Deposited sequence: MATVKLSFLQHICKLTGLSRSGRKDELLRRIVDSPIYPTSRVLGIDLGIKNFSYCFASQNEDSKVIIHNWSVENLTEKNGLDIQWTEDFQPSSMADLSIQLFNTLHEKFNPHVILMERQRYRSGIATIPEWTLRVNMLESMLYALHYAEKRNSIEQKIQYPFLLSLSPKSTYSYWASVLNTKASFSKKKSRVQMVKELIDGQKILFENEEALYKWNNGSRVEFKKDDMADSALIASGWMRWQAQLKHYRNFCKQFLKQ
């Protein structure tokens, strides 16, 4: 049924574009050491997590950082949006994320339309740094982390549909035991913590959502194969 295949795409974050090819050919990405990122400069948000056997999300680190001041990432940068200055921030951030998390997968939402231009610059530089390394890893037959660019608010709209606010959905997933914590530190900051609790909810939704798509794909990838 065409309608059925459309429902699968909506559940796996796939394009409702036949659909059998898109579903079956969907890359099987790693589900451990997943770094979900909601880009920002004074409010950089990331959620580092892994998917366990019970297909539950286990958060290792989760925080919102103001890259302009002292922060948990230890990035020392003076607010200056000139290209050369931004490149410095990009390199520091890029190096720090890998050095600190050694991710298998990096998730990032493309964003949409002066604060947008600044974030877009940071985003573009991170992409360039990443792809220069990915190319090198390909030619050397070395496995390198994946940087997946997700459509604007894709994971948000996905969760909003399965659960019918952002903070509310996250709390629900937490009380629903869909999201666990390896360290108390992350859970505490979520319960107390100055930084917007909304920015924190964004990175968790990105990671948990994407991981849900990979879990779902494992339910229909093989199933759909038989219809080819």
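Enquirer: Tell me, which runs of residues in the deposited sequence have no coordinates at all?
Expert: Deposited residues absent from the model fall in 1 to 4, 22 to 25, 122 to 129, 181 to 189, 219 to 221, 257 to 258.
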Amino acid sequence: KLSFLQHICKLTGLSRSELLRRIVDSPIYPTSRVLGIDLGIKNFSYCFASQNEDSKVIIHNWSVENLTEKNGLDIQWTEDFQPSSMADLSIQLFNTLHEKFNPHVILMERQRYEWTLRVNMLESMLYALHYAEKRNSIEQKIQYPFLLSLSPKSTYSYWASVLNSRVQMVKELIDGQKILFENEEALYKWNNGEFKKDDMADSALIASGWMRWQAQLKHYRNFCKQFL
From here on, numbers count along this sequence of modelled residues.
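Enquirer: With respect to the recorded C-alpha B factors, which stretch has the higher mean value, 96 to 104 or 131 to 139?
Expert: Going by the record's values, the stretch with the higher mean is 131 to 139.
Enquirer: Do the CA atoms of 40 to 48 or those of 181 to 189 have the higher mean B-factor in the entry?
Expert: 181 to 189 has the higher mean C-alpha B-factor.
Enquirer: Which listed residue, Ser55, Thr31, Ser203, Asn66, has the largest C-alpha temperature factor in the record?
Expert: Top of the list by C-alpha B-factor: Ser55.
Enquirer: Going by the deposited entry, which of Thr116, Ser84, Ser90, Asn71 has the highest CA temperature factor?
Expert: Comparing C-alpha B-factors across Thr116, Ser84, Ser90, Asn71, the maximum falls on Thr116.
Enquirer: Among the chain's modelled residues, which third holds the C-alpha B-factor of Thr155?
Expert: Middle third by C-alpha B-factor.
Enquirer: By the record's CA B-factor, is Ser165 among the lowest, middle or highest third of residues in the chain?
Expert: For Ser165, whose C-alpha B-factor we compare with every modelled residue in the chain, the answer is the middle third.
Enquirer: What third of the chain, by the recorded C-alpha B-factor, contains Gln214?
Expert: Middle third by C-alpha B-factor.
Enquirer: When the modelled residues of the chain are sorted by Cα temperature factor, does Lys197 land in the lowest, middle or highest third?
Expert: For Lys197, whose C-alpha B-factor we compare with every modelled residue in the chain, the answer is the highest third.
Enquirer: Which third of the chain does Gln111 land in by C-alpha B-factor: lowest, middle or highest?
Expert: Highest third, going by the recorded CA B-factors of the chain.
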